[PDB]
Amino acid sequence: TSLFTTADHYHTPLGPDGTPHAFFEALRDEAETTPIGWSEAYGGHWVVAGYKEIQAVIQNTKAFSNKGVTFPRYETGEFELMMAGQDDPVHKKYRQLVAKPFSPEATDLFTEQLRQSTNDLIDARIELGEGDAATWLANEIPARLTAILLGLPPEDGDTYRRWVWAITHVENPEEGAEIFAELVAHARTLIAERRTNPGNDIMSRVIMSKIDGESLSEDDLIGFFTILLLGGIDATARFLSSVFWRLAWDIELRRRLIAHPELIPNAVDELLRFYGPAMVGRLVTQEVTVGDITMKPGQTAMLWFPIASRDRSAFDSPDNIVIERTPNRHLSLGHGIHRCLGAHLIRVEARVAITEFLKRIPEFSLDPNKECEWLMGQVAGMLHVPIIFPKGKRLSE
């Protein structure tokens, strides 16, 4: 009578609250006894839910390969996800090619440029009264910024989200391939129109790049593009979709942030722990024993962060958002050599998005006449969060 029996991450039961949190809180329980379980979904796999246990997997690079990070494998053809489906040396090497454009320093030069666009997207409907905080804001803030890093066309959110919708998987036959081939099409065009008349963007920074003293093949360039056009548009879009659905009803939290922004940065981390959409797996390359279980090479182990972010033997009162909690050592971004590449970037987007969104519309609420839809998968969160506020005034013209 275990929940691991049929544990499935693209299929987690949703409580009345609308979130699959009722499940986690409960499974979070079972793990105290059995920190790891075997699931019968997807041919057969391992579920790692204990904090001490998931933290033991991400660290032993020996027995676990990242060549199976997305699982079931992500729709990407004969292209491997850079610095993510590759183990070192490839990893250590490939990454140092974008290490700098992502450092806190370099990812600050866009700082007060995100407030503009945020505070400039709040003009879009601050005069209507409502709007899907997901589609309308959750999505555009992370999508526009990216476009700007990969030297891209700002208003095509729709097009990109369409590609990522196929990478991300839509349990569709191969139409994920038909559509991924277009990302590869545009990805190709963009590449070729950069090695001529460049820019300061990242996409460009890597072309001129060279490994071993020799440039790089486009099967690695079209490879990065994917990871990035996928790093900051999905996980983020969802995550934000969440804090907005969370601030729509958690008035105890809304009013508290509204009156103490010194905390917004900190409380942005407690939200990452509680609403982290990120979930990954590893691939077993050699017999190894974790805690009390033994895993033979060939099998995959899913690392259930949402569950290990609620382990009581690591977090005081885990089921409450404690905006003061310090330190916050969750794993919603992972640890080890695979520590999120855009780690500092979302702490920023959040800081702002939320900071500015509350100074503009300090009152709003879950639209009663439209129900919120939650996304599932290795990336989950709110997809549609329609709110209703007091029709206001915009700063724009």
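Start at 1 and count along the sequence shown; that's the residue number.
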Quiz item: As stated in the PDB record, which stretch has the larger average Cα B-factor, 50-58 or 349-357?
Solution: 50-58
Quiz prompt | Mean C-alpha temperature factor, higher of 244-252 and 291-299 | solution = 291-299
Self-check item: Candidate residues 266, 320, 226, 215, the one whose C-alpha B factor the record puts highest
Solution: 215
Quiz item: Going by the deposited entry, which of 186, 205, 310, 238 has the highest CA temperature factor?
Solution: 205
Quiz item: Is the Cα B-factor recorded for residue 369 in the lowest, middle or highest third of its chain?
Solution: highest
Practice problem: Can you work out whether the C-alpha temperature factor of residue 344 puts it in the lowest, middle or highest third of the chain? | Solution: middle
Quiz item: residue 86: which third of its chain by C-alpha temperature factor?
Solution: middle
Quiz item: Taking the entry's C-alpha B-factors for this chain, is residue 395 in the lowest, middle or highest third?
Solution: highest
Quiz item: Which third, lowest, middle or highest, does the CA B-factor of residue 129 fall in along this chain?
Solution: highest
